[PDB]
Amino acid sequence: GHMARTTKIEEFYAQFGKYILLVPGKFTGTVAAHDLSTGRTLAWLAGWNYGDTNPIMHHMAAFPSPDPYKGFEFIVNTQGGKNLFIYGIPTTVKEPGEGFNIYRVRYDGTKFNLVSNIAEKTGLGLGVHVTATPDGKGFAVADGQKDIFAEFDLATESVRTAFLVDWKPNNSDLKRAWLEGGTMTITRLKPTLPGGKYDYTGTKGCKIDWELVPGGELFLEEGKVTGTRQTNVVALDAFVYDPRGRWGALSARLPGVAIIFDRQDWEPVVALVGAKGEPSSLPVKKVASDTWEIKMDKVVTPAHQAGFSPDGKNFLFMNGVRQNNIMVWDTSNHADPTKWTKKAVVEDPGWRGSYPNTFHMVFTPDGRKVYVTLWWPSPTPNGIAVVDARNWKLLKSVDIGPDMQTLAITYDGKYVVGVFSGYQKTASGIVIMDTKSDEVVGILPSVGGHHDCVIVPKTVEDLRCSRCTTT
């Protein structure tokens, strides 16, 4: 009785509605779109076919389309250089490709089309998170080896702003370069090359020779990451957007700070400090027409993933490794981020060790729940935490598989869709969870080491629960 009778998969896919899931492949070099209504992969593209010799396809965001099945557009970036060598793949390659491309891709109803390489046009090779603006007409990209981020206009493929962030440690000893505090300097960059182009293509600008991998923020203070400016790293990660407009939050993993920027006059306005027991924020001081500073007397713990709720009235930042928790700010005052204050912290007895890290997130459309991945190194099963986003309490945790990464949600709020990625060498898959029962409804196969996933949105309201407001 253990073998099922012949069974069709139709009822399974029918439940989900008409939604397209888009994924990058990390070490596979691919991007793909899957139709959740039929099980078909609609299209894929392999970056090496186009002459990208190190296409570590990393992060992505897609823009609202009136009908994603007839067409949509998205940005996907890559890493490059010695990032090829940090996931245990026993490759003999001596000189890896430079990478750090930013690709604009359009689905036309049949296939993907590689529209442009925005890193080549602009000179900004940036390899970490990609986020769409709330209006769906621009996007940002950050990089945690260079510590630069930029917001870009989609129509003109041009840079609206770019900033460099640098650390100056109180103690030059690498072990204590963050623990004992420092000065963070934020600089508005101006392009140096003809055509208003920046000089940051490929590996140019890297302070460290490879990214700080998931769970590995502290490898740098341990002397396990090489580079020419090791104790000047902050590890920028993402620029996430307030769905109400005007503000974005730039996450810096090593100081555990989220810097709030005003997108109207392009200036940083306040620094939110992640660690439990530390102040809600620290002030930003302007020191020159293009330069601001934040002063920290210590850093208690690194932090990583960040996000606004759909209504913009809560901001989350995930402390990791030295504390593993979800820090929550009351951001209801849209006029003045200097007033945003800590309101809650989600903790759990099971999160007391170095791992699990509270990781990627997605909120339900109504804001009542947030789903948060729980990451561990091999071999402990990684999983999903379900959090009550009104009372700020852990409701349930579920084991899924190795190296759990990002989460998306269908726009009707009914299903969370996430990916796990096998540390680029073992089991991987797409996991789907019903948001009424909080149960896994199934795993689909996935050739991918994805660190991102999105459902293609139809409107700017869908972006409030996409790769716009959170990582």
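Residue positions are given as counts along the sequence shown, with the first one as 1.
Per-stretch averaging of Cα B factors for 140 to 148 and 182 to 190 places 182 to 190 on top.
Remark: stretch with higher mean C-alpha B factor among 101 to 109 and 388 to 396 is 388 to 396. Based on the entry's C-alpha B-factors, the most elevated value among 248, 243, 127, 216 belongs to 216. Annotation for 155, 206, 258, 238: 155 ranks highest, by Cα B-factor. Split the chain's modelled residues into thirds by C-alpha temperature factor. Residue 376 is in the lowest one. In the deposited entry, the Cα temperature factor of residue 228 sits in the top third of values across the chain's modelled residues. The deposited CA B-factor of residue 66 belongs to the highest third of values across its chain. Among the modelled residues of the chain, residue 253 sits in the lowest third by CA temperature factor in this PDB entry.
Ranked against the other modelled residues of its chain, the C-alpha B-factor of residue 437 as given in the entry falls in the highest third.
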